[PDB]
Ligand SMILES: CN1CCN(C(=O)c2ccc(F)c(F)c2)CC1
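Take a look at this single chain, the form deposited without the ligand, given in structure tokens.
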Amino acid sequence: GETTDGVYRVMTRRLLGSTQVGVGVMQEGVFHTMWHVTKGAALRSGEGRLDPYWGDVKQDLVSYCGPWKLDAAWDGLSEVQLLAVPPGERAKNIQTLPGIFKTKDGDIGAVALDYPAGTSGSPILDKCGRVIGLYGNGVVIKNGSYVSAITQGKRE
């Protein structure tokens, strides 16, 4: 199937019509998405099949055809862009200054942008166009707003 680098929608025909369940990144021959989008199932790309290679429910990440390749990190100071891919809508860049998730195991950048659940897996990029993580695993705060962690995997 299509192996070209870029951002892709993850679709299913299991529900009514064709439904977008999430989004992912093809980089260096590896497909990267959040675990909650595919639940670790195999994927189709045209007539080809993409098998899972690595995954972790706690990190909420999964890679297909090879190991996780994304290793850029938010610098902790600069604005980033969410490359949002919403269901039935064109890919669109949104610039924002991340907030922070403070945890007992360290701090993580977080983006306070609210999109439909099917946008999960959309990439967050730095000014060099490098993917610093995936959008779609986060929390609902006091005033009811959604804040996503900038979730990034480890490149072995």
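All residue numbers refer to positions in the sequence shown, first residue = 1.
This protein has a second form, the form deposited with the ligand bound, left out of what is shown; the following refers to that one.
Can you tell me whether the pocket in this form is open or blocked when the ligand is overlaid from where it sits in the deposited complex, based on ligand atoms within 2.4 Å of backbone or C-beta (3 or more = blocked)?
Check flagged, pocket reads blocked.
Considering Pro67, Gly99, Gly46, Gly129, which brings a non-hydrogen atom within 4.5 Å of the ligand in the deposited complex?
That would be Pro67.
Does any part of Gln59 reach within 4.5 Å of the ligand in the deposited complex? Heavy atoms only, please.
Output for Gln59 is yes: heavy atoms within 4.5 Å of the ligand.
Who in 33-55 is close to the ligand in the deposited complex, meaning a heavy atom within 4.5 Å?
Contacting residues: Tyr53, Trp54.
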